[PDB]
Amino acid sequence: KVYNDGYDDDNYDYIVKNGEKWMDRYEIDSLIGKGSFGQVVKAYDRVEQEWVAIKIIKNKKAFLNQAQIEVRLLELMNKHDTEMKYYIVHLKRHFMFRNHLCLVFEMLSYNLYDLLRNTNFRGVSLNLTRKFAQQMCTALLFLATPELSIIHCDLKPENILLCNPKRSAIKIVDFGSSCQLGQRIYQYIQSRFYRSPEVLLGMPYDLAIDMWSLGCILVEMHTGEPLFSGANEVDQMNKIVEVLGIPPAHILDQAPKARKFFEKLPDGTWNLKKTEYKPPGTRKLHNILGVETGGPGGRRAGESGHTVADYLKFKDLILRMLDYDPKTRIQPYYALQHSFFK
Ligand SMILES: CO[C@@H]1[C@H](N(C)C(=O)c2ccccc2)C[C@H]2O[C@]1(C)n1c3ccccc3c3c4c(c5c6ccccc6n2c5c31)C(=O)NC4
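Numbering (the UniProt record's numbering), first residue to last: 134 to 408, 414 to 480.
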């Protein structure tokens, strides 16, 4: 039982070895990430004299073909001149090495989930959250470039990395599972916590599903907990409704999976199917954010930049991101014009 001459394990993953030299160029330091696609390695590039992250794709057609699509999107994105591209992780180059496709990315620092973990899931300031909010909106404006029209499709704290551990600059990484506007190919998409209503109801969707994700992420960044932490899709929708109420009838009348979560009563209105929740719309975002009670858990009482006014602008922006209708849900260009960023 030997795989690819001893270089691979039984999952077609490359057996990583610390200190290994590739092509008299890359000095492999250690394994820093792992996934179904394969592995991510820290390394030093002798030619450019810089630390890089090498994503080593499994030696398997399924995963190689997926990675070739990633490479297309990244190169497509990195070609565009506009400065909005410096919120996407840079793909420096790619190559084949002992039958594994290898993507060389710039090396970034911690991810926003690490950040939350350090606070013991109590969150970061509204002032830091604003900075992240603006940069993420700018990155979405970029993905909305008509010639790109890219749906990241899986936005979450662990996919948003800091450039430098002492600055607020962030970049979105991992477009491996990244949809693109067009004919619908997929329906089970996004990570559950950040999955939009249109996806849950099996409806048409577009770039607006990333905006939904962002709304959930920003609240999470300031409280430290996920806004909608569903253990399954029923739980997920039920938690969304707690805060936002029953979705509008005109959406549910069209929703193919409306009946997974709701029933249409004889009077024509929609209610939740019974399955431990607060009534629709009664777990108010106002109170989740602690608008008038000194922020979440009162921990921001007396910190500057956390007044009622400051919280009202943030709350308003968030609600416009969590619009049930993806046609009127706020768009990136308008997000950046909001009072919360002035
Ligand atoms: C996005 O981070 C992933 C890894 N997660 C976030 C996890 O394993 C986590 C899952 C759940 C909860 C917490 C972490 C961290 C690590 O490897 C992963 C696979 N990666 C990928 C995957 C796909 C494309 C690009 C990357 C990168 C990249 C980097 C990266 C990392 C840098 C430093 C430490 C860890 C680390 N990682 C990185 C990573 C990177 O610097 N550039 C691209």
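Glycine included, each C-beta is placed from N, C-alpha and C at the ideal position.
- In the displayed model, residue 179 falls within coil according to three-state DSSP, outside both helix and strand.
- In the DSSP assignment, the residues bridged to residue 166 are 173.
- For residue 188, the beta-bridge partners assigned by DSSP are 173 and 236.
- The nearest non-hydrogen atom of ligand 1 is less than 6 Å from the C-beta of residue 240.
- Counting of Cβ neighbours within 10 angstroms places residue 254 among the exposed residues, the total staying below 16.
- Of 298, 188, 204 and 178, the smallest CA-CA separation from residue 157 is found for 178.
- Taking 4 residues as the minimum length, the alpha helix (DSSP H) runs contained wholly in the stretch 297-368 are 330-333 and 341-356, in order along the chain.
- Taking 6 Å as the cut-off, one finds no heavy atom of ligand 1 near enough to the beta carbon of residue 149.
- When the Cα atoms are used, residue 479 and residue 296 turn out to be separated by approximately 21 Å.
- In the pairwise beta carbon analysis, the stretch 304-314 is classified as touching the stretch 276-287: at least three pairs are separated by under 8 Å.
- In the DSSP secondary-structure assignment, residue 462 is not bridged to any residue.
- The C-beta separation of residue 227 from residue 234 comes to about 7 Å, placing the pair in contact by the 8 Å criterion.
- Counting every other CB atom within 10 Å of its CB across the protein chains shown gives residue 229 a total below 16, marking it as exposed.
- Judged by pairs of C-beta atoms under 8 Å, the stretch 317-326 does not touch the stretch 374-385, as fewer than three such pairs exist.
- Closest option to residue 173, judged by alpha-carbon separation, among 139, 240, 290 and 463: 240.
- In the three-state DSSP reduction, residue 395 falls in the strand class (E or B).
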